[PDB]
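# Experimental structure and sequence below.
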Amino acid sequence: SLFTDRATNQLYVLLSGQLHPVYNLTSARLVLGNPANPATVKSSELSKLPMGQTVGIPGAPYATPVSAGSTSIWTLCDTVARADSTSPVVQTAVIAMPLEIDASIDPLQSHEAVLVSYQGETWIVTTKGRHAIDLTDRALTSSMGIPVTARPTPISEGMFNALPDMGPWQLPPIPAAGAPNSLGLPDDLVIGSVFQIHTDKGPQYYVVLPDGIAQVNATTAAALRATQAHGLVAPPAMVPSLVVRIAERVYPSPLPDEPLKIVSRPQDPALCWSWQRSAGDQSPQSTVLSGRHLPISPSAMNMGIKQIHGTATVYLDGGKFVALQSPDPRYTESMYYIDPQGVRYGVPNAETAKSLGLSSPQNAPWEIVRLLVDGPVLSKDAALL
Ligand code: NI
Ligand code: NI
Ligand code: NI
Ligand code: NI
């Protein structure tokens, strides 16, 4: 049984005939094994049983309330101040609540990108994640859509970890570039060369590979030729007749169809990685946002909770109960209760979760969730000391 003293609101749990003071309702439920609510009694009634030692986990949350919303939404945002200066400052926000997206803060379009720095190296950020880039040769990076005037701005450790590494911002290497083609094409069209065919939609460019030909967009055709033209002043025009017979392959160039547009960080200081998964979805969806401020409502902007011994300001609409999957380094499933102040507390297993009254956890991304300051693990074993 579980009692609350009417005079003091103090909790007591009855264990093996002794009343034990207990620090919080969370701890009481861990020791009882079910999400009990206290029975109110007059203070003097508690004198009728022998009093034992205090039990529970002092740093646990008082209880474990969770917010109604079923869709799991987690967003990490970097905001940079003094972006052009010698000393930019980055702030990071963790947002676990629905967003309000608009033209001032929205997903990067397929031809938009952000140039950033982290630990002395440079990366291109697109909708998909981050891509290594070497700014040593700016003629080369120009042909890959980066203007010579573009300068990187810093990202946070948290943002670097959250953005998936999608591979380098470069043309895929072509093995045997310069060697004669084995496809029956004219001798000038060596491996790694570009040609075109006229279509009703205009020119279609192709690159010659060891094992076939691959369609490339105009931007990629230009970048190929900028790096190595193989002696050709322009892509030779071939007839469909000669080409349709050749094996078609894929050439996985990262370059978008439209000329790349590089985001001005002084104008658009906010960069976010947004993740979401709804009940019953097979996989989550994520995207990168860019814009003027956090993707939250006018009034939500004032509700942030700074984690002083943490790294982020947290924006939450109530508690959360989440499941993570991470390679630590072996594949590990873990659960956390998140209190309404953004503190995460481990929940070791489903039996323990259910004793606390925490029904199915929501899948969430460890890259964002583990940025939250961690409190004590909520375990019966800890509670019973
Ligand atoms: Ni005892
Ligand atoms: Ni706005
Ligand atoms: Ni936009
Ligand atoms: Ni556009």
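Nice, thanks for sending it over. Numbers count the residues shown, from 1 in each chain. Ligands and ions are numbered 1, 2, ... in the order given.
# Quick check: can you list the domain ranges of the protein?
Following curated CATH domains, one gets these domains for the chain: 1-63+378-385, 64-170+254-377, 171-253.
# mind giving me TSV with those and columns for mean neighbour count?
Quick note: C-beta positions are derived from backbone N, CA and C, even for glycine. Listed next are the domains of the chain as TSV, based on neighbours: other C-beta atoms under 10 Å:
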stretch	mean neighbour count
domain 1-63+378-385	16
domain 64-170+254-377	17
domain 171-253	16
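# Tell me which stretches of the protein form helices.
25-32, 138-143, 157-162, 218-227, 240-243, 350-355, 366-369, 380-383 (DSSP state H).
# how near is residue 328 to residue 381?
Taking C-beta to C-beta, to the nearest Å as the measure, residue 328 falls 21 Å from residue 381.
# And residue 66, by the same measure?
When residue 66 is compared with residue 381 (using C-beta to C-beta), they lie 23 Å apart.
# swap in residue 301?
Taking C-beta to C-beta, one finds residue 301 at 42 Å from residue 381.
# Quick one: residues contacting residue 23.
11, 54-58, 60 (C-beta atoms under 8 Å, 6 or more residues apart in numbering).
# Which members of those are positioned in strands?
residue 11 (DSSP state E).
# Make a markdown table from the contacts of residue 23 and add distance to residue 97 to it.
Formatted as a markdown table, the contacts of residue 23 follow (distance: C-beta to C-beta, whole Å):
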| residue | distance to residue 97 |
| --- | --- |
| 11 | 31 |
| 54 | 36 |
| 55 | 35 |
| 56 | 30 |
| 57 | 27 |
| 58 | 29 |
| 60 | 24 |
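# The residue nearest to residue 134 when sequence neighbours are not counted pairs with what?
Nearest residue to residue 134 in three dimensions, chain neighbours excluded: residue 122, at 7.2 Å (C-beta to C-beta, 6 or more residues apart in numbering). When assigned by DSSP bridges, residue 122 has beta-bridge partners residue 117, residue 133.
# Now that residue 122 has come up, it's in contact with residue 131, right?
No. With contact defined as C-beta atoms under 8 Å, residue 122 does not count as touching residue 131 (9.9 Å).
# Please tell me how far residue 339 sits from residue 320.
According to C-beta to C-beta, residue 339 stands 9 Å off from residue 320.
# er, residue 363 actually
In terms of C-beta to C-beta, residue 363 sits 11 Å off from residue 320.
# same thing with residue 8?
Using C-beta to C-beta, we find residue 8 at a distance of 31 Å from residue 320.
# Then residue 335?
Residue 335 sits 11 Å away from residue 320, going by C-beta to C-beta.
# Repeat that for residue 145.
In terms of C-beta to C-beta, residue 145 sits 39 Å off from residue 320.
# Over to residue 190?
On the measure of C-beta to C-beta, residue 190 and residue 320 end up 58 Å apart.
# do the same with residue 300
Look at residue 300 and residue 320: by C-beta to C-beta, they are 16 Å apart.
# excluding its backbone neighbours, what's nearest residue 43?
residue 7 (4.1 Å).
# do the same with residue 335
Per C-beta to C-beta, 6+ apart, closest to residue 335 is residue 347, 4.4 Å.
# contacting residues for that neighbour?
By C-beta under 8 Å, 6+ apart, the contact list for residue 347 reads 321, 335-337, 353, 356, 358, 377-378.
# Okay, and which of those residues map to strands?
Those of the contacts of residue 347 mapping onto strands are 321, 335-337, per DSSP E.
# Walking through the stretch 1-150 of the chain, point out its strands one by one.
For the stretch 1-150 of the chain, the strands defined by DSSP state E, counting those that start in this stretch cover 2-5, 11-15, 18-22, 39-41, 72-81, 89-96, 105-107, 112-118, 121-126, 129-133.
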